[PDB]
Amino acid sequence: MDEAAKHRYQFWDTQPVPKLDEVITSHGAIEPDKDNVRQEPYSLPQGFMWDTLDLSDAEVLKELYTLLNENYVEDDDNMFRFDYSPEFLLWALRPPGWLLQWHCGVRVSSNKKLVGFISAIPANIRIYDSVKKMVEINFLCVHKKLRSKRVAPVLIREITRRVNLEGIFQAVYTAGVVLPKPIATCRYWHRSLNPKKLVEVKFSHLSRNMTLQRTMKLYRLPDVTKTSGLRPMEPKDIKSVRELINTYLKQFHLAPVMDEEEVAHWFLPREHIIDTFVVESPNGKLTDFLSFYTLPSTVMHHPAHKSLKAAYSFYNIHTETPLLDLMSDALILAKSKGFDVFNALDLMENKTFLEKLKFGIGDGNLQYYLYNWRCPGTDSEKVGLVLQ
Ligand SMILES: CCCCCCCCCCCCCC(=O)CSCCNC(=O)CCNC(=O)[C@H](O)C(C)(C)COP(=O)(O)OP(=O)(O)OC[C@H]1O[C@@H](n2cnc3c(N)ncnc32)[C@H](O)[C@@H]1OP(=O)(O)O
Ligand SMILES: [Mg+2]
Numbered sequence: 014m015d016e017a018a019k020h021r022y023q024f025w026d027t028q029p030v031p032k033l034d035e036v037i038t039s040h041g042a043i044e045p046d047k048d049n050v051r052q053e054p055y056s057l058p059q060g061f062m063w064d065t066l067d068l069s070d071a072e073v074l075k076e077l078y079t080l081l082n083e084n085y086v087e088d089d090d091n092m093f094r095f096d097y098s099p100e101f102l103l104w105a106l107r108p109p110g111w112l113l114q115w116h117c118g119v120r121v122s123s124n125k126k127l128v129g130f131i132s133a134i135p136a137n138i139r140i141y142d143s144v145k146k147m148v149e150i151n152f153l154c155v156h157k158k159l160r161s162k163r164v165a166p167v168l169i170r171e172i173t174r175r176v177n178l179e180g181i182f183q184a185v186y187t188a189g190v191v192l193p194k195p196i197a198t199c200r201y202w203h204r205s206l207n208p209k210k211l212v213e214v215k216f217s218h219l220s221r222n223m224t225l226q227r228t229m230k231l232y233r234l235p236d237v238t239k240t241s242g243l244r245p246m247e248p249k250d251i252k253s254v255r256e257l258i259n260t261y262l263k264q265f266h267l268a269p270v271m272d273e274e275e276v277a278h279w280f281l282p283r284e285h286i287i288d289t290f291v292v293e294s295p296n297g298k299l300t301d302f303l304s305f306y307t308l309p310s311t312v313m314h315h316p317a318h319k320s321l322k323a324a325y326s327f328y329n330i331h332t333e334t335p336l337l338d339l340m341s342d343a344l345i346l347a348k349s350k351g352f353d354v355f356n357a358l359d360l361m362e363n364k365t366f367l368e369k370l371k372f373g374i375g376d377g378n379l380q381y382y383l384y385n386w387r388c389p390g391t392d393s394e395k396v397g398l399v400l401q
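Just so you know, the sequence shown maps onto residues 14 to 401 in the numbering used here.
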């Protein structure tokens, strides 16, 4: 509530990362690669065990789903919780280069109840002039009952171990809370697509005084998209999408570098997981693409609705079409698919449209972090990486 004090990074102090608020003017690995690496798993509190989850096993996925449905990311006010679908999880956790030893679970020794999880997946990552093989870390989760018993540092050490085994010594990760040390701090913005449901669910916030009718009328969108050539992406586009994305991403201080197998993984439309629309220039050649992913949230304690449907801006590449025109079509497309809210961070060039497409700013930050790499902290606008 009010209770301002000062934190000691019991776990994070010990780790290869910069001290919170050291001034960094250098570029490089905080420590060199471990040429000899620990081969035995870290010790768990008694009653608990390591499991490598096989998500191909329908019952295991279902357990993982239920763990996260019930114990994953919640907002400040705790009226909302991420409801990552089982298939969304299959998409996010099994890109090209994925290894199963990187799907790390914690289970109750006796009744086998899944109570912990952390995941890693491979990616080539460009920090300023250095493109490094890293992993992206996601889905850290400890069961509500098990909170505050130092289990999160066990999973983090353990995943640090199984990744190090494989010759990776750098990683990237985001979190909504401050740790040592943010490269950058982004802010979520939200765009009402359906302001009535947003109001009844209490997600917004009618700006007193404002009628409902006037709100609905402000966020009014057309029913049909504007850009000539605009259509879903199909397999034949894979090659041109790659080229377009690796070129566009050059301008940003942080960005992945993707091959084609990765391009097909991340961008080919999958219903209720990922949408990608390409702009085909008047002949046949591709000049732009917008994309966005599907992530509903559980509305906790409410009578009317139990789920809020959100679109997350992913990567939007513009060469011919202006960006604000692309994003206007992204909004229209999301609206017409029954989403209630379009969400975007203020990274890349997104600041160039947020205010103009009537996004409003939202609570809390998203910090971006690197593991075992020092570099100065750049602005949101210079961040060209997006994680699920
Ligand atoms: C080269 C490969 C490298 C691989 C790994 C690289 C790094 C990967 C790092 C992972 C990146 C994940 C990316 C990602 O998944 C995206 S951010 C999503 C994180 N998950 C959630 O918010 C789920 C809801 N919360 C929880 O489940 C728990 O509260 C968690 C699991 C967060 C901690 O459960 P707990 O019961 O509340 O905590 P204790 O067991 O008592 O442990 C407390 C220690 O945990 C530190 N902590 C708290 N939140 C953290 C966070 N979000 N990152 C890192 N550390 C975090 C905390 O500062 C303290 O350390 P300190 O004493 O030093 O201050
Ligand atoms: Mg704990």
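From the three backbone atoms N, C-alpha and C, an ideal C-beta is built for every residue, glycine too.
What's the gap between the Cα of residue i and the Cα of residue j?
i    : j    : result
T38  : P248 : 43 Å
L339 : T300 : 11 Å
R204 : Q226 : 17 Å
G242 : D46  : 48 Å
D89  : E16  : 15 Å
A357 : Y325 : 6 Å
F290 : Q59  : 50 Å
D359 : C199 : 6 Å
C154 : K126 : 14 Å
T240 : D342 : 7 Å
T65  : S132 : 10 Å
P316 : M92  : 12 Å
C388 : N124 : 46 Å
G351 : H156 : 32 Å
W111 : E394 : 29 Å
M361 : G397 : 5 Å
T238 : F305 : 16 Å
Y381 : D250 : 31 Å
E333 : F216 : 36 Å
Quick check on the burial criterion: 16 or more other C-beta atoms within 10 angstroms. Buried or exposed for residue i?
i    : result
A71  : exposed
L337 : exposed
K75  : exposed
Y141 : exposed
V185 : buried
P135 : buried
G129 : buried
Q23  : exposed
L231 : exposed
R163 : exposed
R160 : exposed
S310 : buried
Taking the continuous alpha helix (DSSP H) assigned at residue i, which residues delimit it?
i    : result
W202 : Unbroken run through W202 is the beta strand (DSSP E), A197 to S205; no alpha helix (DSSP H).
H116 : Unbroken run through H116 is the beta strand (DSSP E), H116 to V121; no alpha helix (DSSP H).
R283 : Run containing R283: none; DSSP gives neither H nor E here.
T79  : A71 to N84
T224 : Per DSSP, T224 belongs to no alpha helix (DSSP H) and is neither H nor E.
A317 : Element bounds for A317: n/a, residue is neither H nor E.
For the beta strand (DSSP E) containing residue i, name the first residue and the last one.
i    : result
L303 : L299 to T307
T173 : Note, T173: premise wrong, no beta strand (DSSP E); alpha helix (DSSP H) at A165 to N177.
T260 : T260 -> not in any beta strand (DSSP E); alpha helix (DSSP H) instead, spanning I251 to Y261.
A268 : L267 to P269
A105 : Where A105 is concerned, there is no enclosing beta strand (DSSP E), although the alpha helix (DSSP H) it sits in stretches over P99 to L106.
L243 : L243 to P245
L211 : Looking at the DSSP string, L211 is not in any beta strand (DSSP E); the run it does join, the alpha helix (DSSP H), is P208 to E213.
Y186 : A184 to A188
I374 : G373 to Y384
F95  : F93 to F95
Kindly identify the DSSP beta-bridge partner or partners of residue i.
i    : result
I345 : DSSP lists no partner for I345.
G129 : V119 and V155
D64  : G118
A324 : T307 and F355
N137 : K146
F290 : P245 and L303
Near ligand 2, which residues have their beta-carbon closer than 6 Å to a heavy atom? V155, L159, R160, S161, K162, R163, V164 and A165
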